[PDB]
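Form solved without the ligand, single chain, as structure tokens, below.
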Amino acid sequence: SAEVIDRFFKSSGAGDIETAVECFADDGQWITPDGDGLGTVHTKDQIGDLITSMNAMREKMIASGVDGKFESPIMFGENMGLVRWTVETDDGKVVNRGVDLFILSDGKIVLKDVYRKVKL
């Protein structure tokens, strides 16, 4: 169900990194969209730092007039959710689009696999 995905976005977006990390299964992984064409794997032990650096960047992004937005999860069965996201200017021009793929098991996130459409 979508509830663990929701908890993850609410807690990580408020800097509650402890409960955000605990949304992941002990062997869960978070795979970024870049990683030199392969994606960088982060294990549960590294997701707290990743969230922290990501929030710091998002602050500098917003001050510069671009914001990330994400939609509510679209569930396919109980154990898979798709989060569509955008980067857009403060007036609504979308400049980048992507998806987060969430694979769940027993109410924990086993995989958060991030993709972006590719820019210039």
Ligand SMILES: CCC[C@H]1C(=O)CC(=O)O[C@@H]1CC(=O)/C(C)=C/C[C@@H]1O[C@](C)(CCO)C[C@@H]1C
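Don't overthink the numbering: it's just position in the shown sequence, from 1.
Enquirer: On average, are the C-alpha B-factors higher in 79-87 or in 50-58?
Expert: Comparing 79-87 with 50-58, the higher mean C-alpha B-factor belongs to 50-58.
Enquirer: Do the C-alpha atoms of 67-75 or of 88-96 have the higher average B factor in the entry?
Expert: Here the higher of the two C-alpha B-factor means belongs to 88-96.
Enquirer: Taking the values exactly as deposited, rank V114 by C-alpha B-factor within its chain and report the matching third: lowest, middle or highest.
Expert: For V114, the deposited C-alpha B-factor lands in the lowest third.
Enquirer: Is the Cα B-factor recorded for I103 in the lowest, middle or highest third of its chain?
Expert: Lowest third.
Enquirer: Within this chain, which third does the Cα B-factor at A2 fall in: lowest, middle or highest?
Expert: For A2, the deposited C-alpha B-factor lands in the middle third.
Below: the form deposited with the ligand bound, not depicted.
Enquirer: Can you check whether the pocket is open or blocked when the ligand is overlaid onto this chain using its placement in the bound PDB entry? Blocked = 3+ ligand atoms within 2.4 Å of backbone or C-beta.
Expert: Open pocket: the modelled ligand, placed by site superposition, has no clash at the 2.4 Å cut-off.
Enquirer: Hey, in the bound PDB entry, does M75 get a heavy atom within 4.5 angstroms of the ligand?
Expert: The answer is no: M75 has no heavy atom within 4.5 Å of the ligand.
Enquirer: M54 near the ligand in the bound PDB entry, any heavy atom under 4.5 Å?
Expert: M54 belongs to the contact set for the ligand.
Enquirer: Is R58 a contact residue for the ligand in the bound PDB entry, using a 4.5 Å heavy atom cut-off?
Expert: Contact check for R58: yes, within 4.5 Å of the ligand in the bound PDB entry.
Enquirer: Evaluate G39 for contact with the ligand in the bound PDB entry, applying a 4.5 angstroms cut-off between non-hydrogen atoms, and reply yes or no.
Expert: Judged by the heavy-atom cut-off of 4.5 Å, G39 is well away from the ligand in the bound PDB entry.
Enquirer: Between 66-83 and the ligand in the bound PDB entry, list the residues on our side with a heavy atom within 4.5 Å.
Expert: Sequence-ordered list: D67, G68, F70.
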